[PDB]
Amino acid sequence: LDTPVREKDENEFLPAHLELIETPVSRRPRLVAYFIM
Amino acid sequence: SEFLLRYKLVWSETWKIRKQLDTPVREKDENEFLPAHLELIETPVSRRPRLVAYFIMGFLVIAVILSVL
Amino acid sequence: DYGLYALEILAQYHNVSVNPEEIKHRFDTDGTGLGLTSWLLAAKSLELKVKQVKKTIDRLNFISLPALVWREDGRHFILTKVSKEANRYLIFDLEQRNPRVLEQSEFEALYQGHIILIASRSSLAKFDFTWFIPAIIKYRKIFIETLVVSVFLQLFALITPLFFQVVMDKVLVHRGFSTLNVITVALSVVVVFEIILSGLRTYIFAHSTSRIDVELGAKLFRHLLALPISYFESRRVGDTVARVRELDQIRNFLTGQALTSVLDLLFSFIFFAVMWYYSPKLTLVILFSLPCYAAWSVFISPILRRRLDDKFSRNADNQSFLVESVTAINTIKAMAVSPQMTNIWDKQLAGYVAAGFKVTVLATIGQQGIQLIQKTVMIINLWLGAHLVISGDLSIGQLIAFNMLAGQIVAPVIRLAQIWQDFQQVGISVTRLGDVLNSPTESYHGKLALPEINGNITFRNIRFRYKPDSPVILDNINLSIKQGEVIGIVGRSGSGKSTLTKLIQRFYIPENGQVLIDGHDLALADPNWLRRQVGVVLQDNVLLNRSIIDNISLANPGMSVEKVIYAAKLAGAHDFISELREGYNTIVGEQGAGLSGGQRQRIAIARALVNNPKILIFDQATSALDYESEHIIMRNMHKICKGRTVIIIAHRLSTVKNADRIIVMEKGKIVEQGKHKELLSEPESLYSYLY
Amino acid sequence: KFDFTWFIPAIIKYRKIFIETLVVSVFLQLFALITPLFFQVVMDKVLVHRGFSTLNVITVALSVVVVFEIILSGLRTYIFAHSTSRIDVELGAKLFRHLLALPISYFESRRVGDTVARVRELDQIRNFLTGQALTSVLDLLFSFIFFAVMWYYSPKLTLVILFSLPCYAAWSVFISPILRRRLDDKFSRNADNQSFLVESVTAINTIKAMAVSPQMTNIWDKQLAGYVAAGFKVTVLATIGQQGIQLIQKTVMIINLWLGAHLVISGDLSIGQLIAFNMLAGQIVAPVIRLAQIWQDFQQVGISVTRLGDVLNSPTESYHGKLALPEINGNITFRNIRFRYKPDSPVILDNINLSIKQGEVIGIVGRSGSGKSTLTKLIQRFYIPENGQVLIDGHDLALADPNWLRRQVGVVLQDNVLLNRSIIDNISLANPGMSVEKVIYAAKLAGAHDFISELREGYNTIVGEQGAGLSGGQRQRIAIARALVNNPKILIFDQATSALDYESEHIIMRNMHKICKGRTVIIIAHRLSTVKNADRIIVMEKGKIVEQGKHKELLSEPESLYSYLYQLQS
Amino acid sequence: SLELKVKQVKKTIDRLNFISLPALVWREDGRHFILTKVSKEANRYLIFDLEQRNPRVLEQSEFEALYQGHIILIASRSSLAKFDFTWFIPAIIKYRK
Amino acid sequence: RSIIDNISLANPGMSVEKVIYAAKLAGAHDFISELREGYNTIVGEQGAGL
Ligand SMILES: Nc1ncnc2c1ncn2[C@@H]1O[C@H](COP(=O)(O)OP(=O)(O)OP(=O)(O)O)[C@@H](O)[C@H]1O
Ligand SMILES: Nc1ncnc2c1ncn2[C@@H]1O[C@H](COP(=O)(O)OP(=O)(O)OP(=O)(O)O)[C@@H](O)[C@H]1O
Ligand SMILES: [Mg+2]
Ligand SMILES: [Mg+2]
């Protein structure tokens, strides 16, 4: 939480990678139903 | 800590400078003819909001006095 | 590069025309080949769907061919015409040779396990709110997930006051300790899960909207850099800076408490059903106040929009003024305009603060209106609930639960009222982004790409003016330039030779007549391609804040450093760089602050010549120089013009004395042509008069 | 020092209206105590026996006091915004005056977008101050009058709330530094983004002259990804803050519910008192959620004030005000001038020792990069020499007023940039009330009247950019006219004939006699033709005065560097 | 029309020390002049007479003899919609009282 | 379609130099080069537009 922003978070927000990934899935897609039940 | 002490020192130090940091009084038709900024800074709010707020004040005060006494 | 040749072969197989060097220009910015993501961007830009997927050795018999395989550690090849029951594969190697049939063992030795699949699907809207509609559709899974999370959040917030009604209706009346403990622990668990669920919801929504904003910013900058020069000429730099920072405004809005609040508001019918179940004649007041909320909102929205439009106009004017003052601080400080400059700053700042205050007073009036609508409904709810609990069909705990349900209904409404200012700010910000984006660009026809350029420049019947009402600058410029022809242009100050420089490269389009390069018309030619093939040293001569080596290699950063050494030696500035401490790595600073006039002049000369251009223009690349540095360029011209059509514009005639042709221009008319001695022989000529 | 205490006196300046807001603010809480109290009356005197007229009285007396709360809160925040915008205007005027009073070495070592972002942090302070921030903390500070009423209801639940508040404070102190650090990183990334955007749009002509769009696009994409990622980290920390505040609120609320129910079933408490307690708890925690929702804005304002301090604490060079030095002549004396642009940078001028007499049309010739512009920048108060001093009219320049000298000195620089104004105003930038005939005479003297008269708008056309919209020679002539439109005592023409053809140069040379009617002129030019008629030629190479004297006596020696340049010109 | 706010207001002899200068005074019965740079504790006023001459400092007695009691205050505020129903909206705002 | 495709209707992947040689051989390169779009202009109908 105190760590700064680095390459591992720099890469995933680069707009080209956004353009490739059509219908993108989030980092925590299964945590919703996991945290419900 | 020490920042509270220095804030109190500065507050008192500028507290002895009242009536020397204050600006002279001017009415509305006089103080709207100032450079655009000076006019923006030395215009009081108005005579209407102060009287409205004080009317609400007086209404509450007389209501409390009537309810208690 | 091979992968680019593979892309060209795939495009030819799918029957679409491509240029390998143009793809290298638009997708190999850092050089050292294309790469994977650059290849996929190029293929998508060619309207050619591609996907990098991992495939098993046996599944290659069901894919459609051709298919380029991407080898991480080495060279690539393209598989086509898969053969069954033969253990043989027909692969074209990108090494220039015949398509070879490779046997099973070597292929399984020379295959990493991934492949690229290729298919073609061949069956300009204004930037508005509607542009966000595909962004909603593209990120549909995330938004559906967020909707489900918000529905479950509303379910938790609905199950919260049932325990309250139970406690004030069945635990407070008779007795109870065990049921109280069960209610307490279940409520603690459910509120903990509610808090966690809400946090996850807003985190996921913020991430998705952050991705949307990044895509929007990339699109905005890409469209901005393709806009014409007259676009930037009519406006000011600060205006465009403010327009771009309006995207920062949109983002600062978007990843906050804005869309989660309206999502909670639109999912309030789950609450409404339960409140209607408790009592019929206590929800009609809320169901009537909601249209009252809508009426107040639609009454307050246009006035706030007009205030915020005025505020943004003031902000853009202040931004343009500030940027203009800072970027020219040398001349501002050199004279004593600073009192006047501060006076106009004070004028603009007071106007901006007045606009902001006039915005915020209306904002708080709108907030107090929403508060009044909430409070009147609250007091009439108290009145009717008191009647319904002193008469019957409603209990005290039911009244408490109803009151808190109404409060949880109206809390999203008050949050909307608090961020109404940011709502209207986005309403004007998207409009301004559209105003930037809807302007016509320097677009080129997406037809078959054009080959390399030989220096055949033909101006035919050219009539050009900068503005529609401006006086005619070029009257009847008709001129022909062949390859390897060192042309020089001379004339009076303001004759219009810089207009010829700006008309060679597609900075503007002529009003009448046309210019053709190698027989191809520019009216529809690609400006990016020609700007790649032409190296220009301009007259304004500004630099960019980076290292000297990077500044020189801005066009081609992927090349070596020995080419930079060669270019600096030809420009006569290699030594002046070498005796610096950092060498080529020194920071030149903003606007070429770290270097003087002649030094940055030689730097720009080297920067525009370090590439391999077919046309090489020097628009007064000498005027800022001096002697013993002029003569270096004069001696190096035999190496500079080796195969390149060189056009030199200079008021110093000694730089034009050795030109193949000398063109005198006056009021935008060409009066004299020929060699130096062919013009200086006649004493009545304008060349002799200028001599 | 502009750390945070600059607001301490000014707030004092409006102490009267502020005390007025306090007199309102506490009574607002009293109104916020009136509405819940009535509730318990309805739940203790109307619900027990009967009642229809007392409920009428309660409703009638409650509607008016609620409306009075609403209007009084509106007027309170109106007064606060109006009296805080004045502090905002004062801060803005001070900031811009100090910005224009800063030295050149401050500006050259950094970018433009950096200072633009620093000034826009004032706009951030503006959005903070006239918002929902200080009103919420003022309500929270004066909410303690509820606590006595809390002590009237129950001591245990009041102790629960009085222990809830330190939990809020301690956890806010725990979460503040990480959010501040991430917002500082986000601000630095935003400043870099603004710097890149300004340097890319200002130099759009050079960017589109070459074909280098994709490299700028890639750089922008990387910078945007970084900035938005840092902002997203700030956003998730703000999410953590809001969710933790919700957790504390809801847990304390559950404890209050359980303990209150136990007390009511145990006696000494009633249902009306309990629901009144719940209403007071909600209305006293509402400011806490209200401030927690804008904790990110609070940290952004902390960063903004720190950065405005970083700008304002830089040493200014506005004026000295020493004995009101009277008007100067062309008496310039250099003594042992040693100067470096940076402390680590190599020395440019080593042993410059020159003395210029009044009316002496002196020209300076040297190699490119020799340092001829350093003398131009050292005549004016752009820089301070490391060793030695210059003197004007016998007075040292280490203590002279920069604005006075730079209005007494007219200069055309090596690079000429104008403003987005008209020609009649661009030339007359020094004094806008000065008559048109003076500008006409200056333009005729500078040879700039012919093309301006041939222009479609005349003196009405607008320079669309720093120097765009016109030609290069026209821009140079306009700069020359702007320098000559006043009556300066020292003229400096650094490359005044660079973008001009030979005819305009000849016109300027013929008008040079009318230029120098009692003015000392220093001509920095590589072209030896424009300094042939100079009163004294000074040759410098590698920051050393190596030849000096008249033109003919220096050209008489074939071994001179001036003579060498002379046959290099031919 | 010059975008220059002006107002003809009556002003007392002592209130002239708080107005911003310059200020043209309108004499009903005769010629006008423009007061500027008011001097305190000196009973002297720097007025430019519209007769073509130098700006003169006038003493208190003659000024109070040559002043009707009114003045014009001047300030500058320097920070085409189609004719529709919206044009009546400022007309509503101007006549708000 | 375009002239470059109309001439090369038999094979769209065939190189441009073949079409250039065919047009020079047929005497059709001169007016096409003199055309504004070159090999990019569109035959607007069955044979109209030229
Ligand atoms: N950006 C522009 N916008 C509007 N008009 C322009 C612009 N640039 C040039 N002009 C007009 O076209 C004329 C030609 O100017 P141009 O820059 O071509 O001159 P030049 O001969 O190259 O000048 P010099 O050799 O002195 O640098 C100008 O005098 C001006 O009237
Ligand atoms: N802003 C700067 N920061 C650091 N070093 C600089 C800066 N400007 C110039 N220099 C260095 O100082 C030298 C002389 O600077 P100056 O601007 O006086 O040159 P000059 O003699 O006027 O140049 P030219 O004859 O090419 O116009 C340059 O060659 C360069 O090495
Ligand atoms: Mg030019
Ligand atoms: Mg120089």
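Residues numbered from 1 in each chain as written, not as in the entry; some residues may be left out. Chains lettered and ligands numbered in written order. Part of a larger assembly, values for the part shown. Heavy atoms only, no water. Residues with missing side-chain atoms left out of burial classes, pairs and counts.

- The name given to chain F in the PDB entry is Alpha-hemolysin translocation ATP-binding protein HlyB, and the organism recorded there is Escherichia coli CFT073.

- Looking at the PDB entry, chain C carries the name Alpha-hemolysin translocation ATP-binding protein HlyB, with the source organism given as Escherichia coli CFT073.
- Quoted straight from UniProt, the Subunit entry for chain C says "Homodimer."
- Quoted verbatim from the Sequence similarities heading of the UniProt record, the comment on chain C is "Belongs to the ABC transporter superfamily. Protein-1 exporter (TC 3.A.1.109) family." (UniProt positions renumbered as here; feature names shortened; annotations may be inferred.)

### Describing the overall build of chain F
Logical step 1: Across its full length, chain F carries 3 helices and 0 strands.
Logical step 2: Beginning at the N terminus, the succession of helices and strands in chain F can be written as α-α-α.
Logical step 3: Computed over C-alpha atoms, the radius of gyration of chain F comes to 11 Å, within 12% of the 10 Å expected from 2.2 N^0.38 for 50 residues, which places it in the range of a compact globule.
Logical step 4: Seen along its three principal axes, the alpha-carbon backbone of chain F occupies a region of about 25 × 20 × 15 Å.
Logical step 5: Burial status across chain F gives 26% buried among its 50 residues.
Logical step 6: Put simply, 47% of the contacts in chain F that link residues at least 6 apart link residues at least 24 apart. (Helix = DSSP H or I, 4+ residues; strand = E, 2+ residues; numbered from the N terminus. Rg over C-alpha atoms; globule rule 2.2 N^0.38 Å. Buried < 20%, exposed > 50% of the residue type's maximum accessible area, 1.4 Å probe, protein only. Contact = heavy atoms within 4.5 Å.)

### Side note on the domain arrangement of chain C
Quoted interface sizes are often the accessible area lost when the parts come together.
Logical step 1: What the domain assignment reports for chain C is domain 1 (2–119), domain 2 (129–438) and domain 3 (457–690).
Logical step 2: Computed over C-alpha atoms, the centres of domain 2 of chain C and domain 3 of chain C are 55 Å apart. (Domains from an automatic or database assignment.)

### Examining empty space enclosed by the protein
Logical step 1: When its volume is computed, the second largest cavity comes out at roughly 120 Å³.
Logical step 2: Lining the second largest cavity are 14 residues, with C:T360, C:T364, D:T77, D:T130 and D:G131 sitting closest to its centre. (1 Å grid on protein atoms, 1.4 Å probe; cavity = no way out; pocket = protein on both sides within 12 Å on 5 of 7 lines; lining within 4 Å. Points joined across faces, edges and corners; volume = space filled by probe spheres on them.)

### Thoughts on the site of ligand 1
Logical step 1: Surrounding ligand 1, one finds 20 residues, the nearest of these being C:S498, C:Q620, C:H651, D:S471 and D:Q474.
Logical step 2: Here C:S498 contributes a side-chain N or O atom positioned 2.3 Å from an oxygen atom of ligand 1.
Logical step 3: D:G473 is positioned with one of its backbone polar atoms (N or O) 3.0 Å from an oxygen atom of ligand 1.
Logical step 4: Contact with the protein chains removes 92% of the 640 Å² of surface that ligand 1 exposes when unbound.
Logical step 5: At the level of elements, helix 17 (497–504) of chain C together with helix 18 (472–484) of chain D are the ones that each hand at least two residues to the shell around ligand 1.
Logical step 6: Residue classes in the shell around ligand 1 are distributed as 4 nonpolar, 14 polar and 2 charged. (Near = heavy atom within 4 Å. Polar contact = N/O pair within 3.5 Å; in protein donor to acceptor, adjacent residues only side chain to side chain. Areas by Shrake-Rupley, 256 points an atom, 1.4 Å probe, with all protein chains shown as cover. Nonpolar A, V, L, I, M, F, W, Y, C, P; charged D, E, K, R; others polar.)

### Observations regarding the coordination of the magnesium ion (ligand 4)
Each pair of donors in an ideal four-coordinate tetrahedral metal site encloses 109.5 degrees, whereas pairs in an ideal six-coordinate octahedral site enclose 90 or 180 degrees.
Residue and element names in this part refer to chain D.
Logical step 1: The protein atoms that coordinate the magnesium ion (ligand 4) are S373 (OG), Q414 (OE1) and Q414 (NE2), at distances spanning 2.0 to 2.8 Å. Taken together, the residues span a long stretch of sequence, with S373 in helix 13 (residues 372–379) and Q414 in the loop between strand 7 (409–412) and helix 15 (423–427) at a distance of 41 residues.
Logical step 2: Owing to a relative accessible area of 14%, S373 belongs among the buried residues under this scheme. (Donors = N, O, S within 2.8 Å, 3.2 Å for Na, K, Ca; no water.)

### Some thoughts on the site of ligand 2
Logical step 1: If you check the shell around ligand 2, you find 19 residues, and the closest are C:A593, D:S368, D:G371, D:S373 and D:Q414.
Logical step 2: Lying at an intersection of chains, ligand 2 is approached by residues of chains C and D.
Logical step 3: Contact between ligand 2 and C:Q599: an oxygen atom at 3.0 Å from a side-chain N or O atom of the residue.
Logical step 4: Between D:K372 and ligand 2, the recorded distance is 2.9 Å, taken from a backbone N or O atom to an oxygen atom.
Logical step 5: Starting from 640 Å² of accessible surface for ligand 2 in isolation, the protein chains cover 89%.
Logical step 6: Of the residues contributing to the shell around ligand 2, the split by class is 3 nonpolar, 13 polar and 3 charged.

### Section: the UniProt feature "transmembrane region" in chain C
Residue and element names in this part refer to chain C.
Logical step 1: This chain's UniProt record puts "transmembrane region" on residues 147–167, 180–200, 258–278, 284–304 and 377–397.
Logical step 2: As a span, residues 147–167 carries 100% helix and 0% strand, and end to end its C-alpha atoms are 31 Å apart.
Logical step 3: Overall, residues 258–278 shows 86% helix and 0% strand. The separation of its end C-alpha atoms is 31 Å.

### Considering the UniProt feature "active site" in chain C
All names here are of chain C.
Logical step 1: This chain's UniProt record puts "active site" on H76.
Logical step 2: Relative to the assigned elements, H76 resides in the loop between strand 2 (67–69) and strand 3 (77–80).
Logical step 3: For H76, a relative accessible area of 10% gives the class buried.
Logical step 4: A distance of 3.2 Å separates a polar atom in the side chain of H76 from the backbone nitrogen of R71.

### Focus: the pairing of strand 3 of chain C
All names here are of chain C.
Logical step 1: Taken together, the 3 bridges between strand 2 and strand 3 define a ladder with antiparallel strand orientation. Bridged to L68 within strand 3 is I78.
Logical step 2: Relative to strand 4 (residues 88–93), strand 3 is paired through 4 bridges, and the arrangement is antiparallel. Bridge assignment links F77 to a residue of strand 4, and that residue is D93. (Pairing = 2+ DSSP bridges.)

### As for the pattern of salt bridges
Residue and element names in this part refer to chain D.
Logical step 1: Applying the stated criterion across every chain, the model contains 55 salt bridges over all chains.
Logical step 2: In this structure, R421 engages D425 in a salt bridge whose closest nitrogen and oxygen atoms are separated by 3.5 Å.
Logical step 3: Here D425 falls in the partly exposed class, since its relative accessible area comes to 25%. (Salt bridge = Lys/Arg side-chain N within 4 Å of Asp/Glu carboxyl O.)

### Examining the interface of chain B and chain D
Logical step 1: Counting residues at the interface gives 26 residues for chain B and 26 residues for chain D.
Logical step 2: Of the roughly 2,600 Å² buried where chain B meets chain D, counting both sides, 76% is carbon and sulfur surface.
Logical step 3: Our enumeration of links across chain B and chain D arrives at 1 salt bridge.
Logical step 4: The salt bridge partner of D:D3 is B:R6, with a shortest N-O separation of 2.3 Å.
Logical step 5: If you look at where chain B meets chain D, you find 4 residue pairs in polar contact.
Logical step 6: Broken down by element, the residue count for the side of chain B that touches chain D peaks at 9 residues, all from helix 4 (residues 48–68) of chain B. (Buried area = accessible area lost by both parts, 1.4 Å probe.)

### Brief notes about the interface of chain C and chain D
Logical step 1: With 154 residues of chain C in contact, the opposing surface of chain D contributes 156 residues.
Logical step 2: Interface area for chain C against chain D, summed over the two sides, is near 14,300 Å², with a carbon-plus-sulfur share of 64%.
Logical step 3: Considering only the side of chain C, the residues that lose the most area to chain D are C:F221, C:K333 and C:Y627, jointly responsible for 6% of the buried surface there.
Logical step 4: Between chain C and chain D we count 5 salt bridges in total.
Logical step 5: Notably, a salt bridge pairs C:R492 with D:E503, separated by 2.4 Å at the nearest N-O pair.
Logical step 6: Of the residues forming the side of chain C that touches chain D, the biggest block, 27 residues, is contributed by helix 14 (residues 338–391) of chain C.
Logical step 7: Among the residues forming the side of chain C that touches chain D, the class breakdown is 71 nonpolar, 50 polar and 33 charged.

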